[PDB]
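Participant: Just the structure for this:
(chains A, B, C, D, E and F, ligands or ions: 4)
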Amino acid sequence: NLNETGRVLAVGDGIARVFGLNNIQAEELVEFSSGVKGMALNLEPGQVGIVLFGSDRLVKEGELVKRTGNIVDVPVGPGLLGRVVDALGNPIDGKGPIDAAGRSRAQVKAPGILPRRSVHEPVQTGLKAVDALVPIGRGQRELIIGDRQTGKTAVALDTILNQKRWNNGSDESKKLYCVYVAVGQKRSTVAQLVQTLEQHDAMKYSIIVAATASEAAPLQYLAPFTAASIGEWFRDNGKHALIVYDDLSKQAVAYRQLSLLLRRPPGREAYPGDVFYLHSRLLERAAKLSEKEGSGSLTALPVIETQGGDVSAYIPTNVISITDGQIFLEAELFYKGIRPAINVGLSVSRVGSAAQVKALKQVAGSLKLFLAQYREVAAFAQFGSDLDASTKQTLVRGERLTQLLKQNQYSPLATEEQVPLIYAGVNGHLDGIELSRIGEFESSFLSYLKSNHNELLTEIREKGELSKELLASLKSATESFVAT
Amino acid sequence: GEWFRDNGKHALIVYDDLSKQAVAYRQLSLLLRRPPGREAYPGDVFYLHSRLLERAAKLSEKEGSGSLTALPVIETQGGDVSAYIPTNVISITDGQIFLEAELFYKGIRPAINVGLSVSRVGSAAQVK
Amino acid sequence: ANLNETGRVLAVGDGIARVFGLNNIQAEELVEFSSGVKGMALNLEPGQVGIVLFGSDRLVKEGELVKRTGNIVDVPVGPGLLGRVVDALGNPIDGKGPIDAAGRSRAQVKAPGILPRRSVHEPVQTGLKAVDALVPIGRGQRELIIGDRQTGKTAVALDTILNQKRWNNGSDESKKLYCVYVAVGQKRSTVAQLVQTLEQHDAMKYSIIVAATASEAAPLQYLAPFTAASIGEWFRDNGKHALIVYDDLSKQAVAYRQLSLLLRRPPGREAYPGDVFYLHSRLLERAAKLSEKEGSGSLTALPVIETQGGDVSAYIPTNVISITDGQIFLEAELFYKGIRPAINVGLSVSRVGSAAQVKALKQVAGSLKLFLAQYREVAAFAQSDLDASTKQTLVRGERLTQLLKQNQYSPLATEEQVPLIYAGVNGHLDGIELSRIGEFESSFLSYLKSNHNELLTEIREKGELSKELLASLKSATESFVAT
Amino acid sequence: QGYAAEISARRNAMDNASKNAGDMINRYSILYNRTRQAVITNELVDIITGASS
Amino acid sequence: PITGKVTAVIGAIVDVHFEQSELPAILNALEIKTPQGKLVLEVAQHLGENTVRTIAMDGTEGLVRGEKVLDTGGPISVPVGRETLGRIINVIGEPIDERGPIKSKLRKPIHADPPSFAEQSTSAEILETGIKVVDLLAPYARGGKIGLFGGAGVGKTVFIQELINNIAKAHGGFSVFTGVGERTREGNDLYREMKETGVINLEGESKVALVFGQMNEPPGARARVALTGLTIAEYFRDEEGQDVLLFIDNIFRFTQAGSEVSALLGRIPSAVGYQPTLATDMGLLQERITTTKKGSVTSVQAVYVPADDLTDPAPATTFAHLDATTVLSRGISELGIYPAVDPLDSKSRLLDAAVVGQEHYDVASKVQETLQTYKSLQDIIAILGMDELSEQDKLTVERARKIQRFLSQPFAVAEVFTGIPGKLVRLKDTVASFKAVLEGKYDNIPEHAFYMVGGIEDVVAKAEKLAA
Amino acid sequence: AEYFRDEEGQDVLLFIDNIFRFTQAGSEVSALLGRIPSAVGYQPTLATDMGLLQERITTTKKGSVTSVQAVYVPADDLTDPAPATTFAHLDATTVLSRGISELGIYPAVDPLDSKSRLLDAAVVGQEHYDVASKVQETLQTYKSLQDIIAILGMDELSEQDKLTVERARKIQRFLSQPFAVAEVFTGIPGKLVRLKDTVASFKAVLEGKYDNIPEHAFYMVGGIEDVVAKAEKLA
Ligand SMILES: Nc1ncnc2c1ncn2[C@@H]1O[C@H](COP(=O)(O)OP(=O)(O)OP(=O)(O)O)[C@@H](O)[C@H]1O
Ligand SMILES: Nc1ncnc2c1ncn2[C@@H]1O[C@H](COP(=O)(O)OP(=O)(O)OP(=O)(O)O)[C@@H](O)[C@H]1O
Ligand SMILES: [Mg+2]
Ligand SMILES: [Mg+2]
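Facilitator: Numbering: from 1, shown residues only, chains lettered A, B, ... in the order given. Ligands and ions are numbered 1, 2, ... in the order given. Here you go, the structure:
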């Protein structure tokens, strides 16, 4: 009867209006006679509005529709590691079935006020600019934002690749299992990304949740939440997860599609009234849990694509408001040869120094000051006006620090290698080097330290802290190399 | 005020301020679902402030010689006088006393910007 | 029931009537109301029809009876319209009695496809030195004229219309070019004065005027270009050559925006509906040259666009630019310096190009486009000292620019354009005072017309300069400049 | 002599700079008007879309 | 067969009532017999009460409420296979070259699912176009997806025709060209040029199939012709197992056409009036154009940019779908620097040191650094002029101006209206020339010598002519 | 807070963050309920919702409810309807500025945009008012001169202008202060400066008694005593 079944009244543009289904729960998963599934978003006095997870060609008026009782849930567990799955956890890599430790609903309430703990562990990205100036802590919600083709995905992918060092180790507390959510991307791009991950052997600890462009709007909508549920298994079982949403703008566009086709009242820029709710309930699921809760964590790296650098837009403003920090990428810096083109002025991390490797904190403390001064000094000097000698020296320092932060794609640096470079730059030892040669200096300097001073690198890594003796030895080595 | 005006007495009315009256009228119009306009104000928002302000008048001797002076206050966000309501009120009134924050910070208080301030009735009203 | 061929008006407002009945009406069918005002069946719906009114809605009241015409919106076409001024629906408004029609053609028709067409290979000689030299227009081309108000757009189009006199008085239908001028949104007095201007120059006997003046209801302004194109298509389809000027398509776009918004269709960019592209494209695609199998007829279009603040990047301007085969950009910065017709030779492009140009002009006008762009480059940084080469460049540019100025309503034939451009390009003007270049032309042509009429006749008839004719023209130019 | 020449040259250079600044002001005034109209139109379209449902 | 009656005709939208117990599935093709022939409607929605809403593939004028509609029983289907080569196909799959029927053994529906994730294949092979700016700063990928972005009048058609001339004549594999809302004149020009060059051969073997829904067509036709072009290219990809070229000028018209009908379908307008379904319509059309393990498809898509606004939803949505992009700009065109490609907005995933090589990557990166440095200074250069710059800035601006002019190139297809003979420059020659320019070897050459020359040898020759 | 005020007679502090969230949630609920959106999407009832929230928070004759309200400013735009509506209800505004922070001058309050109802000579006394007014004049003159200094530097300015600019820079850096909470963002021990000492210090700096002190001695120090101590430590 109509209690557990219904009749399709209308079909169009991926929406079905269904009569009956009296006992259906809001957002319950529904199955049409033709086999395609849908999700009952609208409950109304005489209708159910169901958004289809497939082609509406299959559904046609008069078709019988069946409840399921299941609100949308997805498989979770370590068996997904190395797999590529759709928004509902079905494998699409073409390998065998997926073993799962359990099933978890898509929307789940974020960890409350009580169980959390203050973020203190670092997410070592291996990018000099990020680790030095905008540190990312485990449990932090760090926004990556910028225009098209500026380097956002490159930054996230370098962060993912850098975790090889610890994912190979025995210490389960240092590991970081990665989930990459491709929303609206074309399938060939995800194929190239998995090719990159397997080429660098980073796939054995990664998970890909793909809702590509051709996927019906509901799956592009629902992929971030199911990927969050997938990472929350690691979070809740005492393990550490990093989830990259690439990118939330296309999820917002998909929700605009759904809401407008359900004829819900639009908001600004025709987005639905509650996109902020959408992204806030997604991002608040990242947390660092207390010792009672097994000390697990989930770290989020949302990606946002601005149009013409306009952050005042609705969705960019919302996500900037939600997240704990921003890594602004800018095309003008990209074409000046700065790579990964991070705008170190606009970029901020609110956890900041509380979640930074202590040695890199010790050496990097002054870096922000020099760069902040350099920006204004360069703005003045670009006009060609006469210059004071000390101001000229601030130009000398700032240009070389800017050159020092350049970094080739897919080449992350261990902090044992980041510390000497930032030390040399900050303490002025680079002022005598030709600006063109800084990229050579780095490449040679590390090769020197790994040969003549390997003990320094070993101590910097294992201790994580520069004692006075280690700092003096680093000074000695830096001056020794600069002499030669 | 019109009681004083019509009975031959002189009155002064200060509206503090008309931007918030326009906001309240926008609330009424939108919740009544009357057709919006620029900046979501109702189409005839000009007819609000023109209906309100044209009641300021100086009456002839036959009509009792009374008067009603009006000093509508207007708040410009970021100094933008091109906004809809500032434009309407600037159009309706006989002049403006323009206050600028830059002068206020400099210590020039009451911070009247003399260049932008104009009284179109002007000298005729001034004390000889 | 009688509701099959008639209907009862349900409602009237915003220039739209809602009618009950008219069961057998065709979409876009023309219907007639009781008061004699006409409308077009835009929307057919279950139980009602939407009629766009080609007139003031005062003329229609609820409860009136409406009658089918049985015909999709169509206008009379034929040679009898030559010399006539007609409204958007082909009714005569000059007051000279009924129109004589060879037939009737729908306002809306699909432009001829890929196969029926031919590459443009014949010139539309505008009589303007700058246009005929630097941005030639061919028969079957669709060349945009674009620029600010009062920059001379209509002057260029009307000079092109007037120049056709010398051939329309001839015997060969292969040379005759019949001109349709479309006034959309223009002041009625302006159109009347334009008609008088044509009749003064005797250009009316081969021209047709279609007018939807500013006061006429928006649907008529929207419709007028389509019916004028249908009028020109008769000449196109019967092997004759026609020229149609749309002045302006921007005001047609404004009228279509009015219709769209009064139908409450969603506003798009700049509040225009998304359909506006399809408004112009299906119009401007009707300008074509047909193949030999189709009788080789052609229809040439010169759309006129008014750009606020000089924006060639605005929505409607870019739409039309993306539809036409070129553009003649008229620049205020030049017009108010007295540089008239004020062609911006840098942004003006004809992408049919040399295929349309007369070979004699293609010979003498060699690289003049490039030289004038180069002059506009070198002259920018001239105001670091000028090298003698830059001084020579500035002399050449100054003097060629002074030579490209032209008086309104003074078309200048190819046999007269060729000697002047030859003298300019080959440098014989370098030593002549530029303030006297306006004198130079008047004298030089006169000299040629008295001493060397044979050279002009050969330039006309051959359409080419042989080395003998080239050398004779060179000799005449040197003889004059020495004189 | 060099001082007199330098002062005159700086005068002329600042004159050229003022001309160029005026031209840029004209260009960006036109651009400002265009952006003002576009902003008003787009926000009004958003309001109308919100109202018409 | 299932039949019904027309009940509402609005614009390109026709509602049909099927009082039979069964209704046609969505995307089904319905046929109305008319004096012109037949009118094909495509089912877009089911409205209830046995009514469906459909998009007309041709003009709805002359339709009468009550016209009999017959269901064809399947989607719009088009001929496929080699019998389509050397011919012009209508949107609904009919010959319009007037050379009679198409005798293909098969006809396939224009709507099909995109290839799955497991079917994707990832090439990293450079396609040499012979164009300096593209070959240097944004190399094209063989088997990849290529896009041209540009407003009106910047010259997208000339660029597309130059690409066709340079590539399609030597690709070996079959080609498909889809005109989606472009000029009929230029489709005729393409057909004529192909006939003269033997790419189309009426007496024998032909290697290019033409599908045209040009801009004179109603929105219903423009919204679907791209899928016919795809459906042919997909048959060449998957069934014939060939490599394929797939040109689409202009794919933006596919999106725009949808918007034209969206308001009539009853949807709530999206931003700036676009249809809510923009992203998913784009996805369904677009990542169906892809290389797969069965065959290689190189696709070149011209994307119009309304009002030169690259932030418009359609171009912005299209950017994500492409491997290589070249962005023609009006600002570059006004300088006379054709092909007007913006060297700092053209982008390609193949500009990678592992793909182009370290030398080419270094040259391209330094070229972009020089151009960006020059662009940053244009405010100071505009107000204060060159004199107040530092000597290093003056040198960099000189090299930037020379590089700008050196990136210009004359195409053969433009010779008709430019009057400048066409030049083709090899990839190695381009890299060597720009490496030489950046090394300052030609600091003495006046910048004018670099304008519209095919390589550094022509720069030297033109400098010699300028000296005499 | 109201129960503590009206039923216990207490003086109450009501800390609120974030008021922008109240406005934004009102906008979301309004949009969901189908009300026609107002400018930039805010709800029609924005002003009256804010009024109903705010002017319940007031000092009645039973007790005083002090409130500190953190207001997020989207896109740093103080003209946005939410901050613009909030401003009208406040007695003291402490406008944090990104520009001041990028100079490194924390806590990065904008010395000019921040305003107080109580900065009146009848409330704080004429000496405090005079010092505050002179500080505002100095900082505003320095801001006005920056537009020229960005082109011609300080060399072209008159000696009076040079002196006032230098004192303005010293004052601008002297407004910085090390908070205790900031000891994770800084190693500097936090300090708390009395109002009287603040007035005395800024009067001393305005009068030029410390013209001989380098600018950096004023950065992130406490009172003027810390200025002297740090100046000696640098020397
Ligand atoms: N550090 C780097 N050094 C050199 N090239 C880089 C670097 N980071 C990114 N790139 C290049 O910049 C281009 C853009 O990179 P990427 O794909 O990560 O950008 P994105 O912002 O994610 O782009 P989109 O919006 O297209 O998804 C690619 O060519 C990438 O190779
Ligand atoms: N070749 C010319 N020589 C001299 N004056 C000219 C020339 N062309 C145009 N003018 C002047 O320009 C005036 C306006 O010309 P015209 O009517 O062609 O401009 P328009 O761009 O069509 O204007 P509108 O936008 O008002 O319709 C003419 O009255 C005449 O004064
Ligand atoms: Mg990316
Ligand atoms: Mg005119």
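Participant: use CA for all of it now, contacts and neighbours both
Facilitator: OK.
Participant: And for the residue in chain D positioned nearest to chain A, the neighbour number?
Facilitator: Going by Cα to the nearest Cα, chain A is nearest to residue D:50 of chain D, at 5.6 Å. With neighbours defined by other Cα atoms under 10 Å in any protein chain shown, the count for residue D:50 comes to 25.
Participant: elements contacting the helix or strand encompassing residue E:223?
Facilitator: Secondary structure from DSSP states H and E places residue E:223 in helix E:219-234. Packing partners of helix E:219-234 (3 or more Cα pairs under 8 Å, 6 or more residues apart in numbering or on different chains; DSSP states H and E): strand E:51-56, strand E:77-80, strand E:174-180, strand E:208-213, strand E:244-249, helix E:252-265.
Participant: just how off-centre is the helix or strand following the third one within its chain?
Facilitator: Looking back up the chat, that one is strand E:174-180. Note on strand E:174-180: by DSSP H and E, the next helix or strand toward the C-terminus is helix E:184-197. In terms of Cα atoms, centre = their mean, to the nearest Å, the centre of helix E:184-197 is found 17 Å from the chain centre.
Participant: so how far is residue A:175 from the residue sitting nearest the centre point of chain A?
Facilitator: Nearest to the mean C-alpha position of chain A, counting by Cα atoms, centre = their mean, stands residue A:301 at 2.2 Å. Remark: distance between residue A:301 and residue A:175 (Cα to Cα, to the nearest Å) = 17 Å.
Participant: Show me the domain layout of the chain.
Facilitator: No chain was given, so I picked chain A. As recorded under CATH domains of a matching chain, the domains making up chain A are A:1-70, A:71-356, A:357-484.
Participant: Switch to chain E, please.
Facilitator: E:1-75, E:76-350, E:351-468.
Participant: Columns distance to ligand 2 and mean neighbour count on top of the ones you listed, output as JSON lines?
Facilitator: JSON lines is the format used below for the domains of chain E (distance: least, Cα to the nearest ligand atom, whole Å; neighbours: other Cα atoms under 10 Å in any protein chain shown):
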{"stretch": "domain E:1-75", "distance to ligand 2": "33", "mean neighbour count": "20"}
{"stretch": "domain E:76-350", "distance to ligand 2": "21", "mean neighbour count": "21"}
{"stretch": "domain E:351-468", "distance to ligand 2": "25", "mean neighbour count": "18"}
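Participant: With distance to residue A:330 added, can I get those domains in TSV?
Facilitator: Converted to TSV, those look like this (distance: least, Cα to Cα, whole Å):
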stretch	distance to residue A:330
domain E:1-75	42
domain E:76-350	13
domain E:351-468	13
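Participant: Out of these, which is closest to residue A:317?
Facilitator: Nearest to residue A:317, of all the domains of chain E, is domain E:76-350, at 17.3 Å by Cα to Cα.
Participant: That closest one and ligand 1, any residue contact?
Facilitator: Yes - counting by Cα under 6 Å from any ligand atom, ligand 1 has neighbours in domain E:76-350: E:320, E:349.
Participant: That domain: end-to-end distance?
Facilitator: Calculated as Cα to Cα, the first-to-last residue distance of domain E:76-350 is 38 Å.
Participant: And stretch E:308-324, by the same measure?
Facilitator: 20 Å.
Participant: residues making contact with it?
Facilitator: A:148, A:185-186, A:307-308, C:313, E:138-141, E:144-147, E:149-152, E:252, E:255, E:271, E:274, E:278-279, E:282, E:286-287, E:303-306, E:325, E:329-330, E:346-350 (Cα atoms under 8 Å, 6 or more residues apart in numbering or on different chains).
Participant: Run a quick neighbour tally on residue A:165.
Facilitator: Neighbours of residue A:165 using other Cα under 10 Å come to 11.
Participant: sorry, back to before: closest to residue E:212 out of the domains of chain A?
Facilitator: domain A:71-356 (24.9 Å).
Participant: So for that closest one, first residue to last residue, what's the gap.
Facilitator: With Cα to Cα, one end of domain A:71-356 sits 40 Å from the other.
Participant: Is chain E within reach of that domain?
Facilitator: Yes - Domain A:71-356 comes into contact with chain E (Cα under 8 Å from any Cα of the partner chain), by way of A:92-94, A:148-149, A:185-188, A:191-192, A:213-217, A:253-254, A:256-257, A:260-261, A:263, A:269-270, A:307-308, A:332, A:335-337.
Participant: re earlier: how close does the residue nearest to the centre of chain A get to chain F?
Facilitator: Residue A:301 sits at a distance of 21 Å from chain F (criterion: Cα to the nearest Cα, to the nearest Å).
Participant: so that residue makes contact with residue A:141?
Facilitator: Yes - using Cα atoms under 8 Å, residue A:301 makes contact with residue A:141 at a distance of 6.0 Å.
Participant: Residues contacting stretch E:222-232, please?
Facilitator: Counting by Cα under 8 Å, 6+ apart, E:78-81, E:90-93, E:108-111, E:176-181, E:210-215, E:246, E:248, E:251, E:253-255, E:257-258, E:285, E:288-289 sit against stretch E:222-232.
Participant: looking at it, residue A:207 is touching residue A:83, isn't it?
Facilitator: Yes - shown here, residue A:207 and residue A:83 form a contact pair, counting by Cα under 8 Å, at 5.7 Å.
Participant: Report the inter-axis angle for the helix or strand harbouring residue D:15 versus helix F:19-33.
Facilitator: Assigned by DSSP H and E, residue D:15 belongs to helix D:2-52. Interaxial angle of helix D:2-52 relative to helix F:19-33 (axes from the mean of the first three to the mean of the last three Cα atoms, to 10 degrees): 40 degrees.
Participant: and helix D:2-52, does that touch chain B?
Facilitator: Yes - with Cα under 8 Å from any Cα as the measure, helix D:2-52 is seen reaching chain B through D:40, D:43, D:44, D:47, D:48, D:51.
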